[PDB]
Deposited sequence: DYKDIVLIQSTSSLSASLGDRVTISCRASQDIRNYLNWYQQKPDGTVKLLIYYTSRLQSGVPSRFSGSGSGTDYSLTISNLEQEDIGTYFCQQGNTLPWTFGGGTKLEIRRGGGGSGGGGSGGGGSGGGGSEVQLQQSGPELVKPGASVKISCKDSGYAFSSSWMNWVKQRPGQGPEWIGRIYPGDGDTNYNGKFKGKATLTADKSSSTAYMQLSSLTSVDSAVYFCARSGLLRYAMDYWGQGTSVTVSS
């Protein structure tokens, strides 16, 4: 599996400062590198895809560069709304993998939180109001505090096709219901390591770029 490293895990700067965050891959990822921004409230948005393309709506102060194994994201002049944690993600080879994240500071409808007993199981949902639910891939991502997110797998509701990250094949079961435009993920035999926030994130135009995100579901093992 490809490993992504963000050598700076935390950085503080001043408003107006130029900021540049690095992402290094263990092997050539052929520019299939995306950047996500997670606000302090936990919401996630795709900011840059395919190394340098800005998602619609993203301010021009954001830019991405790189090639081979070395990539970077730059904010030309920092604004308050840019505070949060940035994660790079490669889309060259499955399973998709993310960097550990870089927290920056100033110097889809998912189901509710669940509290589970050790060894129990949970089944969380993600409803898509978009018309392309049945013709898009619904991905699921795990995020533990301060850890690099992990891509769990994906399902194509159109025909039920699934792809799992080997690490989660015995842990997660993905299903979907086209009639209600809802995707589900069942997590089995939960351990303390399974306590995390789980996100559903859709991809379609670019399979390796998740352009629509749910707000996340916090699963806690007691």
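No C-alpha positions are given for the deposited-sequence stretches 1-3, 111-134, 250.
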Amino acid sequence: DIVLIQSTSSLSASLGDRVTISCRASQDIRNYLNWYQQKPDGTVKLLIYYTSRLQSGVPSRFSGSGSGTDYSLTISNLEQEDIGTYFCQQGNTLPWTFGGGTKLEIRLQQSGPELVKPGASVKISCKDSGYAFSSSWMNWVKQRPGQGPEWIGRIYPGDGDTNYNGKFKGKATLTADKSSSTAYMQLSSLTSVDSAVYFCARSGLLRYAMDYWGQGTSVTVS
From here on, numbers count along this sequence of modelled residues.
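Comparing the deposited coordinates for 194-202 and 9-17, the stretch with the larger average C-alpha B-factor is 9-17. Between 39-47 and 184-192, the higher mean Cα B-factor belongs to 39-47. In the PDB entry, the Cα temperature factor peaks, among 30, 53, 178, 154, at 178. Of the candidates 76, 134, 110, 97, the one whose C-alpha carries the top B factor in the deposited record is 134. For residue 219, the recorded CA temperature factor ranks within the middle third of the chain's modelled residues. Among the modelled residues of its chain, residue 144 has a C-alpha B-factor that falls in the highest third, as given in the PDB entry.
Residue 123: CA B factor lies in the lowest third for its chain, per the PDB record. Annotation for residue 34: CA B-factor lies in the lowest third of the chain's modelled residues.
Residue 150: CA B factor in the lowest third of modelled residues in this chain (values from the PDB entry).
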